[PDB]
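First comes the structure, then the notes that go with it.
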Amino acid sequence: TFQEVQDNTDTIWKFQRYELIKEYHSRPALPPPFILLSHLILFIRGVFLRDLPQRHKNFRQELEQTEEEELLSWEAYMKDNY
Amino acid sequence: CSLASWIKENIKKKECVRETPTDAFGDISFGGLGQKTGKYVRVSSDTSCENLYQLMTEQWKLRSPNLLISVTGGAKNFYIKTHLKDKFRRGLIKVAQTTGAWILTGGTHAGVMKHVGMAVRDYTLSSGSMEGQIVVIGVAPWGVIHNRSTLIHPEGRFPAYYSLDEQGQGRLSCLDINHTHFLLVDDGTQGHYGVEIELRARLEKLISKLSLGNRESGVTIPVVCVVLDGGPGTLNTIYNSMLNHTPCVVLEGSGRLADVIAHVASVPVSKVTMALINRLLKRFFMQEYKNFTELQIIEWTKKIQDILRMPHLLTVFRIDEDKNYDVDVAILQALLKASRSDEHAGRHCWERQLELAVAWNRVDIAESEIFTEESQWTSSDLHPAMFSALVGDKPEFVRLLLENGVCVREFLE
Amino acid sequence: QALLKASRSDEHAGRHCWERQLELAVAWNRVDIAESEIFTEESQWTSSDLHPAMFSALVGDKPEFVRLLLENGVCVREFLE
Ligand SMILES: Nc1ncnc2c1ncn2[C@@H]1O[C@H](COP(=O)(O)OP(=O)(O)OC[C@H]2O[C@@H](O)[C@H](O)[C@@H]2O)[C@@H](O)[C@H]1O
C-alpha cells in the first residue's frame with residue numbers, strides 16, 4: 001500500500017490547496033486570542049441588520065439574466081467547434 | 001444630425017405618379033433596450049447612382065468592402081431539413097468571417113433572412129463584437145412592410161422604437177431583427193411585392209466598382225449570388241443579377257426551384273421544351289402548382305433558357321463533408337469560372353482570387369486551377385500571398401508557393 | 001421490402017404507405033432500408049407525426065434510429081413538451 005499510495009499521483013498537494021482555501025477564506029482576520037473581539041461585532045451585527053449579504057462572493061455568483069444567455073451561447077458555439 | 005442636411009436635400013420619394021422629397025429616416029432600435037440600433041432611409045425606387053454612392057460611403061461612414069455576397073431564397077414557403085440547414089449556417093459563418101465581407105439580402109423576418117440573421121447573431125455573440133462590425137445590409141419594399149406608424153416622421157426620429165408584431169401578417173410582412181442597415185424602396189403603390197429587384201441589381205453593380213483609384217491596379221471586387229430555393233421572385237432576381245455580367249449565381253443542390261435548375265442543367269439548350277418544364281413544375285412544386293397561369297408558365301419557360309444560355313455563370317453544388325466540399329469551394333469555383341472567359345487577356349484572373357484562396361484553407365482547388373502547368377511566375381508577384389500564408393499558419397500553401405517559384409533570398413531581401 | 005413495394009403503387013394517394021411500416025421497421029433493427037425507402041428526399045415531415053416511432057426507438061435501445069429520426073425532423077422541445 002505504501003508504494004501504491006506514494007506512487008499514486010502528483011496532484012495531491014494541488015487538491016489540498018483547495019481544502020485550505022475554504023476555511024481560511026471564511027474565517028475573520030484577527031487571531032484566536034482576539035477572536036472574541038470579532039465575535040462581539042459579528043454577533044451584534046447578526047441580529048440587528050443582515051450583514052454579509054453575499055456569504056461567498058468569490059466562489060458562487062448569480063449572473064444577470066441578460067448576460068446569462070450570451071454566456072451560454074458562447075460556450076455552445078465552442079462546444080460545436082470542439 | 002449632420003447627415004440630415006444631406007438626406008433631405010438630395011434623396012426624393014414617390015407618391016400619388018409624381019415625386020417629392022423624402023422623409024421618415026433615422027435609426028431604429030428593437031425590443032431589447034441595449035441591442036444595437038440600425039440606420040434606416042427610404043429611397044423610392046428611382047435615384048441617381050451618385051447620390052446613392054454619396055449616401056453609401058460618406059454619410060453613413062462605411063469603409064470599403066472586400067467581398068460582397070448576396071443571398072436569395074424563399075420567404076413564407078421555405079422548408080429545409082434540420083441537417084442541411086445546420087450545415088449551411090455552419091458554412092455561411094466561415095464564409096462571412098474569414099474575409100472582411102459584406103452580406104446582402106432582402107431583410108424581412110421570414111424564412112431565409114431569419115436563417116441568415118440568426119447565424120450572424122450567433123457569430124457576433126461568438127466574436128464578442130470587439131471591432132470590425134459585420135455589415136448585413138437589407139433591401140425591402142416600403143409599401144409591404146407594416147406598422148410604420150411609429151416610424152413615419154417629417155423631421156427625423158433618432159431613438160426610433162419598433163416592436164415585432166408577428167400577428168397582422170396576412171398581406172404584409174414583418175421587418176427583421178438582426179440587420180444593421182436598411183434601404184426601403186417605394187414604387188408609389190402600397191400592396192405590390194417585388195419592387196426591390198431593380199435597385200437591388202443596380203446596387204450590386206454600384207458596390208462592385210467601389211474599389212477603383214484606391215490602389216496601384218484596377219481590379220474590381222468580386223460579387224457572388226447564393227440562391228437556396230425560392231418561387232417566382234427568386235428566379236426573377238437571379239435573371240436580373242445575371243443580366244449584369246459580373247455576378248455569378250451559385251445554386252444549392254436541394255430545394256424546389258434549385259432542384260429544377262439542378263435537373264435542367266444536364267441537358268443541352270436545344271433539348272429543353274415547355275413540356276419538360278411543366279413536368280418538372282408539377283413534380284417539384286407539389287402544392288400550389290394549381291394557382292399558376294399558363295401565361296406565367298410561358299414567362300418562366302423563357303426565363304429558364306435565358307438563364308441556361310450563358311453556362312459560365314451557373315454552378316450547382318452539393319454540400320457533403322465526406323468528399324471535402326463546402327460553400328467556400330463553390331464560391332471559389334464559380335468565381336474562377338467567370339474570369340477565365342472574359343474580355344481581358346490576363347493579369348486579373350488570379351490576383352484577387354489567390355489571396356482569397358489563401359485566407360480560406362482551400363489548397364487543393366488552388367493548385368490545379370491557378371497553378372496551371374502552362375503558366376509562368378515570378379517571386380515578386382507571389383510575395384504578398386506568401387506573407388499572408390506564412391502569418392496565418394497554413395503550411396501547405398507555404399510548401400506549394402515555395403516550389404512554384406518564391407525564392408527566400410528574394411523574399412527576405 | 002415486399003411490404004413497401006405493394007403500397008406505393010395503390011389507389012390511395014398517400015398518408016398510409018408509411019404509418020404502419022415505420023413502427024415495424026423500428027421494432028426490427030433494419031435502419032438501412034428504412035432511411036432510403038421511407039425518408040425519401042422529396043418528402044416532408046412534422047415531429048408530431050414521428051413522436052410514437054421516436055418513443056418506440058428510444059425505449060428499446062436502438063441508437064441509430066434515434067440518430068436518424070433526430071435529424072429528419074423530431075424536435076426534442078416538441079417531444080418532451
Ligand atoms: N420580400 C418578401 N418578404 C416577405 N414575404 C414575401 C416577399 N416576397 C414574397 N413574399 C410572400 O411569399 C410568398 C411567395 O414566397 P416564395 O415564392 O417562396 O418567395 P419569392 O416569391 O420567390 O420571393 C423571394 C424573396 O426573396 C428575395 O430574394 C426577393 O426580394 C424576394 O422578395 C408570396 O405569397 C408573398 O406574399
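So you can find residues: chains in the C-alpha cells are A, B, ... in the order shown, residues in each start at 1, and ligands are numbered from 1 in order.
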
Expected selection as a PDB file with C-alpha atoms, in the first residue's frame for ligand 1 within 6 Å, only C-alpha atoms and all ligand atoms:
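Everything below was put into out26.pdb:
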ATOM      1  CA  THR B  72     -31.761  34.994 -52.273  1.00  0.00           C
ATOM      2  CA  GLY B  73     -34.325  32.470 -51.093  1.00  0.00           C
ATOM      3  CA  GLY B  74     -37.942  31.724 -50.399  1.00  0.00           C
ATOM      4  CA  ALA B  75     -39.961  33.668 -47.849  1.00  0.00           C
ATOM      5  CA  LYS B  76     -43.193  32.305 -46.350  1.00  0.00           C
ATOM      6  CA  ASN B  77     -42.797  28.992 -48.156  1.00  0.00           C
ATOM      7  CA  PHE B  78     -39.277  27.903 -47.146  1.00  0.00           C
ATOM      8  CA  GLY B 106     -33.925  41.235 -48.660  1.00  0.00           C
ATOM      9  CA  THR B 108     -37.729  40.826 -43.605  1.00  0.00           C
ATOM     10  CA  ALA B 110     -39.481  35.473 -42.977  1.00  0.00           C
ATOM     11  CA  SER B 173     -44.689  41.313 -43.732  1.00  0.00           C
ATOM     12  CA  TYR B 193     -44.465  42.811 -53.977  1.00  0.00           C
ATOM     13  CA  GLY B 194     -41.240  42.568 -55.911  1.00  0.00           C
ATOM     14  CA  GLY B 230     -37.499  30.288 -53.876  1.00  0.00           C
ATOM     15  CA  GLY B 231     -40.518  30.730 -56.079  1.00  0.00           C
ATOM     16  CA  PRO B 232     -41.339  33.295 -58.781  1.00  0.00           C
ATOM     17  CA  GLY B 233     -39.360  36.136 -57.208  1.00  0.00           C
ATOM     18  CA  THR B 234     -36.093  34.246 -56.806  1.00  0.00           C
TER      19      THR B 234
END

Please identify every residue of chain A that has at least one atom no farther than 12 Å from an atom of chain B, counting only C-alpha atoms, and for each give the shortest atom pair and the distance in Å to one decimal, arranged by chain then increasing number, as a tab-separated table.
residue	atom	partner	partner_atom	distance
A:66	CA	B:32	CA	9.6
A:67	CA	B:125	CA	11.0
A:68	CA	B:125	CA	12.0
A:69	CA	B:125	CA	9.9
A:70	CA	B:125	CA	6.5
A:71	CA	B:125	CA	8.6
A:72	CA	B:125	CA	10.0
A:73	CA	B:125	CA	7.3
A:74	CA	B:126	CA	5.2
A:75	CA	B:126	CA	8.5
A:76	CA	B:126	CA	9.3
A:77	CA	B:126	CA	6.7
A:78	CA	B:126	CA	8.3
A:79	CA	B:126	CA	11.5
A:80	CA	B:90	CA	9.8
A:81	CA	B:90	CA	9.9

Those residues with N, CA and C atoms, as an mmCIF file, in the first residue's frame please?
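Contents of part19.cif, as written:
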data_model
loop_
_atom_site.group_PDB
_atom_site.id
_atom_site.type_symbol
_atom_site.label_atom_id
_atom_site.label_comp_id
_atom_site.auth_asym_id
_atom_site.auth_seq_id
_atom_site.Cartn_x
_atom_site.Cartn_y
_atom_site.Cartn_z
ATOM 1 N N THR A 66 -29.648 39.037 -18.520
ATOM 2 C CA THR A 66 -29.253 39.481 -19.855
ATOM 3 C C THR A 66 -27.861 38.980 -20.227
ATOM 4 N N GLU A 67 -27.011 38.730 -19.232
ATOM 5 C CA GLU A 67 -25.664 38.242 -19.504
ATOM 6 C C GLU A 67 -25.649 36.732 -19.720
ATOM 7 N N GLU A 68 -26.445 36.004 -18.922
ATOM 8 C CA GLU A 68 -26.546 34.541 -18.931
ATOM 9 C C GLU A 68 -26.730 33.911 -20.309
ATOM 10 N N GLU A 69 -27.637 34.469 -21.115
ATOM 11 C CA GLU A 69 -27.927 33.898 -22.427
ATOM 12 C C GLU A 69 -26.739 34.050 -23.368
ATOM 13 N N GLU A 70 -26.137 35.239 -23.377
ATOM 14 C CA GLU A 70 -24.941 35.494 -24.170
ATOM 15 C C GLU A 70 -23.767 34.652 -23.692
ATOM 16 N N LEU A 71 -23.733 34.333 -22.400
ATOM 17 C CA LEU A 71 -22.681 33.477 -21.873
ATOM 18 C C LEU A 71 -22.861 32.036 -22.338
ATOM 19 N N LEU A 72 -24.091 31.515 -22.260
ATOM 20 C CA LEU A 72 -24.339 30.131 -22.663
ATOM 21 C C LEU A 72 -24.188 29.933 -24.169
ATOM 22 N N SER A 73 -24.563 30.941 -24.966
ATOM 23 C CA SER A 73 -24.459 30.815 -26.418
ATOM 24 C C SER A 73 -23.006 30.700 -26.861
ATOM 25 N N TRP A 74 -22.111 31.422 -26.175
ATOM 26 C CA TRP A 74 -20.685 31.366 -26.477
ATOM 27 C C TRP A 74 -20.115 29.978 -26.240
ATOM 28 N N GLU A 75 -20.502 29.333 -25.143
ATOM 29 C CA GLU A 75 -19.925 28.027 -24.870
ATOM 30 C C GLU A 75 -20.598 26.922 -25.674
ATOM 31 N N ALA A 76 -21.836 27.131 -26.131
ATOM 32 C CA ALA A 76 -22.416 26.179 -27.076
ATOM 33 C C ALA A 76 -21.699 26.235 -28.421
ATOM 34 N N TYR A 77 -21.361 27.451 -28.868
ATOM 35 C CA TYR A 77 -20.550 27.614 -30.071
ATOM 36 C C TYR A 77 -19.193 26.938 -29.924
ATOM 37 N N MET A 78 -18.549 27.107 -28.764
ATOM 38 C CA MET A 78 -17.246 26.478 -28.565
ATOM 39 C C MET A 78 -17.358 24.961 -28.459
ATOM 40 N N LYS A 79 -18.492 24.447 -27.977
ATOM 41 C CA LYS A 79 -18.695 23.002 -27.937
ATOM 42 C C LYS A 79 -18.774 22.409 -29.337
ATOM 43 N N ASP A 80 -19.539 23.046 -30.228
ATOM 44 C CA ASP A 80 -19.633 22.536 -31.599
ATOM 45 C C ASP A 80 -18.297 22.649 -32.329
ATOM 46 N N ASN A 81 -17.579 23.747 -32.076
ATOM 47 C CA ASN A 81 -16.252 23.940 -32.645
ATOM 48 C C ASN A 81 -15.269 22.897 -32.121
#

Atomic distance CA of residue 245 (chain B) - CA of residue 313 (chain B), expressed in Å with one decimal: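 One can read the CA of residue 245 (chain B) to CA of residue 313 (chain B) distance as 8.3 Å.
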
Interface, chain C side, toward chain B (12 Å; only C-alpha atoms) as an MDAnalysis selection string: chainID C and resid 39:47 67:75

How would the residues just chosen look if you wrote them out with N, CA and C atoms as a JSON list (two decimals), in the first residue's frame?
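Produced file result.json, reproduced below:
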[["chain", "number", "residue", "atom", "x", "y", "z"],
["C", 39, "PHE", "N", -37.50, 7.62, -46.20],
["C", 39, "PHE", "CA", -37.13, 9.01, -45.86],
["C", 39, "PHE", "C", -36.62, 9.62, -47.14],
["C", 40, "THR", "N", -37.46, 9.49, -48.14],
["C", 40, "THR", "CA", -37.07, 10.00, -49.45],
["C", 40, "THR", "C", -36.86, 11.51, -49.36],
["C", 41, "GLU", "N", -35.91, 12.02, -50.15],
["C", 41, "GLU", "CA", -35.59, 13.45, -50.15],
["C", 41, "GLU", "C", -36.72, 14.32, -50.68],
["C", 42, "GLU", "N", -37.71, 13.75, -51.36],
["C", 42, "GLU", "CA", -38.87, 14.50, -51.82],
["C", 42, "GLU", "C", -40.02, 14.49, -50.82],
["C", 43, "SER", "N", -39.76, 14.12, -49.57],
["C", 43, "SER", "CA", -40.79, 14.05, -48.55],
["C", 43, "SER", "C", -40.68, 15.22, -47.57],
["C", 44, "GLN", "N", -41.75, 15.43, -46.81],
["C", 44, "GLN", "CA", -41.81, 16.47, -45.79],
["C", 44, "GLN", "C", -42.39, 15.89, -44.51],
["C", 45, "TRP", "N", -41.84, 16.31, -43.38],
["C", 45, "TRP", "CA", -42.15, 15.68, -42.10],
["C", 45, "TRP", "C", -42.48, 16.72, -41.04],
["C", 46, "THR", "N", -43.13, 16.25, -39.98],
["C", 46, "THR", "CA", -43.50, 17.06, -38.83],
["C", 46, "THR", "C", -43.33, 16.18, -37.60],
["C", 47, "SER", "N", -42.82, 16.77, -36.51],
["C", 47, "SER", "CA", -42.40, 16.00, -35.34],
["C", 47, "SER", "C", -43.57, 15.30, -34.65],
["C", 67, "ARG", "N", -30.69, 8.56, -33.87],
["C", 67, "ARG", "CA", -29.84, 9.45, -34.65],
["C", 67, "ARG", "C", -30.51, 9.87, -35.95],
["C", 68, "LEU", "N", -31.26, 8.97, -36.57],
["C", 68, "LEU", "CA", -31.88, 9.28, -37.86],
["C", 68, "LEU", "C", -33.15, 10.09, -37.71],
["C", 69, "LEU", "N", -34.02, 9.72, -36.77],
["C", 69, "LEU", "CA", -35.24, 10.47, -36.54],
["C", 69, "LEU", "C", -34.95, 11.84, -35.95],
["C", 70, "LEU", "N", -33.82, 11.99, -35.26],
["C", 70, "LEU", "CA", -33.46, 13.28, -34.68],
["C", 70, "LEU", "C", -33.17, 14.31, -35.77],
["C", 71, "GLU", "N", -32.50, 13.89, -36.84],
["C", 71, "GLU", "CA", -32.15, 14.82, -37.90],
["C", 71, "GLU", "C", -33.14, 14.81, -39.06],
["C", 72, "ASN", "N", -34.11, 13.90, -39.07],
["C", 72, "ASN", "CA", -35.17, 14.03, -40.07],
["C", 72, "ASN", "C", -36.34, 14.89, -39.61],
["C", 73, "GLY", "N", -36.29, 15.47, -38.41],
["C", 73, "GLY", "CA", -37.31, 16.43, -38.05],
["C", 73, "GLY", "C", -38.04, 16.23, -36.74],
["C", 74, "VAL", "N", -37.50, 15.45, -35.81],
["C", 74, "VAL", "CA", -38.05, 15.36, -34.47],
["C", 74, "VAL", "C", -37.34, 16.38, -33.59],
["C", 75, "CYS", "N", -38.11, 17.32, -33.05],
["C", 75, "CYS", "CA", -37.57, 18.33, -32.15],
["C", 75, "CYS", "C", -37.77, 17.88, -30.71]]

Nearby residues (only C-alpha atoms) at most 10 Å from region 16-21 of chain C, same-chain spacing under 2 positions excluded, as a list in words: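 Within the cut-off, the hits are residues 3, 4, 5, 6, 7, 8, 9, 10, 12, 13, 14, 23, 24, 25, 26, 27, 34, 37, 38, 39, 49, 50 and 53 of chain C.
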
Give me the region 214-292 of chain B side of the contact with region 324-339 of chain B, cut-off 10 Å, one line per residue showing its nearest atom pair and distance in Å at one decimal, counting only C-alpha atoms, sorted by chain and residue number, as a Markdown table.
| residue | atom | partner | partner_atom | distance |
| --- | --- | --- | --- | --- |
| B:222 | CA | B:335 | CA | 7.7 |
| B:223 | CA | B:335 | CA | 8.3 |
| B:224 | CA | B:331 | CA | 7.2 |
| B:225 | CA | B:331 | CA | 9.1 |
| B:226 | CA | B:331 | CA | 8.5 |
| B:245 | CA | B:338 | CA | 8.9 |
| B:246 | CA | B:338 | CA | 7.8 |
| B:247 | CA | B:338 | CA | 8.9 |
| B:248 | CA | B:334 | CA | 6.5 |
| B:249 | CA | B:334 | CA | 7.8 |
| B:250 | CA | B:334 | CA | 6.9 |
| B:251 | CA | B:330 | CA | 9.0 |
| B:252 | CA | B:327 | CA | 9.4 |

Within 12 Å of residue 28 (chain C) using only C-alpha atoms, minus same-chain residues under 6 positions, as a compact mmCIF listing (two decimals) with N, CA, C and O atoms, in the first residue's frame:
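selection.txt was written with the following content:
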# COMPACT_ATOMS: atom_id res chain seq x y z
N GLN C 21 -45.63 0.78 -41.46
CA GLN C 21 -44.35 0.18 -41.79
C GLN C 21 -43.20 0.80 -41.03
O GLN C 21 -42.17 0.14 -40.85
N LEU C 22 -43.37 2.02 -40.51
CA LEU C 22 -42.28 2.65 -39.78
C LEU C 22 -42.08 2.00 -38.41
O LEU C 22 -40.95 1.71 -38.03
N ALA C 34 -34.71 1.41 -44.10
CA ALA C 34 -35.73 2.38 -43.68
C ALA C 34 -35.39 3.74 -44.24
O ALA C 34 -36.23 4.25 -44.94
N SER C 56 -40.80 4.50 -29.48
CA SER C 56 -40.53 3.07 -29.64
C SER C 56 -39.07 2.79 -29.94
O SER C 56 -38.55 1.74 -29.53
N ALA C 57 -38.39 3.69 -30.64
CA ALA C 57 -36.96 3.50 -30.88
C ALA C 57 -36.14 3.85 -29.66
O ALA C 57 -35.05 3.31 -29.48
N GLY C 60 -36.52 0.81 -26.70
CA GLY C 60 -35.95 -0.49 -26.98
C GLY C 60 -34.48 -0.54 -27.34
O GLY C 60 -34.02 -1.56 -27.86
N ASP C 61 -33.75 0.55 -27.06
CA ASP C 61 -32.29 0.66 -27.21
C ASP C 61 -31.86 0.42 -28.67
O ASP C 61 -31.20 -0.56 -29.01
N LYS C 62 -32.29 1.34 -29.52
CA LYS C 62 -31.82 1.40 -30.91
C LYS C 62 -31.29 2.81 -31.15
O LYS C 62 -32.08 3.71 -31.48
N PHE C 65 -31.72 4.57 -34.96
CA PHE C 65 -32.99 5.20 -35.29
C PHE C 65 -33.20 6.50 -34.54
O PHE C 65 -33.85 7.40 -35.06
